[PDB]
């Protein structure tokens, strides 16, 4: 019962963010939640094209890198390309059919779109620094370490999408499908959404920031500077994206938007804390992979793992979760130079 133009004239200011009447009119003169309208406007104001950035001198730098420094750089680039391949499509496929207010629907489409620009930018970098991009793009799918991350991350989306389809096709209840039981529960579907959004928040707010530290470590060395110009633009967008999901999560758990979500967010608080901790442990294990053949000036496994803990505590606090790690100061304060924009706070605070 998904409908691309629902016929009921409903008050869009009183719909929940999710699971209400699907959005009919796209109107932008009023919002339930003006954060999403502000995010659209910012993201539109940031519009950039990757070919705006000259990455010519990055091919020379990359060829000069010792083999383990190529390994750090190219592994980081492949991981980012994986993540925004997923982020390109997934917010649209997974969330659009669930959204019941226009500002959020348009934010999600704007968000996903901005991710396709990131993917396009990773292609621009790749084709400029290697002789055969196919090798790189194929390794994104087959690489043992990258695949493990792809599998976990994609499962949050995939499960929400499948359950969403059952909800739209069958509605709430207990059902018979080819002689087996299928229980469709809005409460469970709400839990799937909440976890998926927690996972997407950890992806943009933690996993990509770990990756930024790697890119900007090269830039600190005055290497791969075209790459770094692009990552500055990407990071400025990412700051919006993670703000968007922090607001979605916080509005859902407060009870303001849907009192039932408040109880659901409370039920699965341990599951969320665990998902976040798991993501952080995975980014630390990724550090171990990046640096398994040696580190470089200014960044190694120990430093990068401290940064994982530092940023994870900040991001978890922002969505109301307990801190998993000891308090610590920023282990790499130089990163804040690269994570700065006049029109949004790009660095964690």
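Numbering follows the first chain given and starts at 1.
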Query raised in the report: For the C-alpha atoms alone, is the average B factor greater in 54-62 or in 37-45, going by the entry?
Result: 54-62
Query raised in the report: Given the B-factors recorded for C-alpha atoms, which segment has the greater mean, 236-244 or 253-261?
Result: 253-261
**Report entry** Peak C-alpha temperature factor (PDB record), options 121, 80, 183, 227
**Finding:** 183
Report task. Using the temperature factors in the entry, find which of 26, 323, 287, 280 has the highest value at its Cα atom. Result -> 323
Query raised in the report: Comparing residue 188 with the other modelled residues of its chain, is its CA B-factor in the lowest, middle or highest third?
Result: highest
Query raised in the report: Against its chain's modelled residues, does residue 316's Cα B factor rank lowest, middle or highest third?
Result: middle
Report task. Sorting the chain's modelled residues by C-alpha B-factor, tell me whether residue 105 ends up in the lowest, middle or highest third. Result -> lowest
Requested in this report: Within this chain's modelled residues, let me know which third the CA B factor of residue 113 belongs to: lowest, middle or highest.
Outcome: lowest
Query raised in the report: Taking the entry's C-alpha B-factors for this chain, is residue 212 in the lowest, middle or highest third?
Result: lowest
